[PDB]
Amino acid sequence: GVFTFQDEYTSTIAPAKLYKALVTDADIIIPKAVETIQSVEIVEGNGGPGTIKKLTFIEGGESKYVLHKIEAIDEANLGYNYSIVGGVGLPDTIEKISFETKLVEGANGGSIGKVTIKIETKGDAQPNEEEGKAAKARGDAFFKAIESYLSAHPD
């Protein structure tokens, strides 16, 4: 099956500066800002499409990682697309999960962060609702931590 999900986040922060933190300078900023993420590193590639990044994080007290493959990166248009290509544990019935993200101008010089998630499953399997809830919350917390960090570090 094929399933879509969307979420949106608002910030008082300007979109180009949020995108620099989230994407350009992600390998430095994300582990500083996000207290459950230990590291974000390039496993292979030059930063462009095809690049594989490894995000190491703690969950339930246990060290885990996930691998992200960069699918599109467009700084001019504040766009970044990636799919999950590996990690700890099993996908179970999840064949594929990709993300499409964009930042746009929001209220009073601020931003809106838009994320579209596309999940492909085996046959008639449905995406797990408890894991969806957890993912949704993680996304919220992630975007919020980045905002906190940038605010606490004017520039």
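Residue numbers run from 1 along the displayed sequence.
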Third-or-more of other entries without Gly123: no
Other PDB entries, at least a third, lacking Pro91: yes
Average Cα temperature factor in the PDB entry - higher stretch of 132 to 140, 8 to 16: 8 to 16
Mean C-alpha B-factor comparison - 64 to 72 and 41 to 49, higher one: 41 to 49
C-alpha B-factor winner, where the candidates are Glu100, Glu120, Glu35, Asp124: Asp124
B-factor third for the C-alpha atom of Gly109 within its chain: highest
Cα B factor band for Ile29 (lowest, middle or highest third within the chain): middle
Within-chain third of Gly86 by Cα B-factor, per the entry: lowest
